[PDB]
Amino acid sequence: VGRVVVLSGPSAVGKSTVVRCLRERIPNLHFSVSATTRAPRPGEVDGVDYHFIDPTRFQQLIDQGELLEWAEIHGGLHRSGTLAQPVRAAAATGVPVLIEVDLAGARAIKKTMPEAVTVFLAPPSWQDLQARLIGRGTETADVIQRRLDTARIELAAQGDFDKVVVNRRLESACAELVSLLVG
């Protein structure tokens, strides 16, 4: 049986680089393809970037209990979420699975699939994070203050997770995750 790992953390912090490394380290890693009801952009392959389904079917799947999690996107313009069946099918086939979602999504997935292992990817310190949120200082004080506030709230609830990986160094963050996914 493949391990299922749900990767989340602070919302203002992109994890695509970490995801990219894991996929390079674990050759047969199945990165969860979210379902969505928005249309494909050119270059997007159905079954690879998303599973593109229409609003009516997405609702069916909600009603049948077939999303581990879902959400309204851009205030309900469309929906996206994680399909249960591919995740379980991959796992039973023995392939390891990584799901990368926001915090509400990971919380929701722990309920619908409790054998999944949730991981909060934490900053090495509050100051490391703060520095990155201020960044180049191209945003307004109001916006930055909101980010810093948002971040402290999110950091304060990392204890809801099965596991904390402190991202001190990319390669050892990635090493800890590899261990959870196959070790």
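Numbers follow the displayed sequence, beginning with 1.
Enquirer: Against its chain's modelled residues, does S16's Cα B factor rank lowest, middle or highest third?
Expert: Highest third - that is where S16 ends up once the chain's C-alpha B-factors are sorted.
Enquirer: Consider only the C-alpha atoms of the modelled residues in this chain, order them by B-factor as the entry records it, and name the third containing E139: lowest, middle or highest.
Expert: Tercile = highest for this residue's CA B-factor.
Enquirer: Which third, lowest, middle or highest, does the CA B-factor of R79 fall in along this chain?
Expert: As the PDB entry reports it, the C-alpha B-factor of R79 lands in the middle third of its chain.
Enquirer: Sort the modelled residues of this chain by their C-alpha B factor and say whether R146 lands in the lowest, middle or highest third.
Expert: CA B-factor rank for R146: middle third.
Enquirer: Would you check the entry's CA temperature factor for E69 and let me know if it's in the chain's lowest, middle or highest third?
Expert: Its C-alpha B-factor belongs to the middle third of this chain's values.
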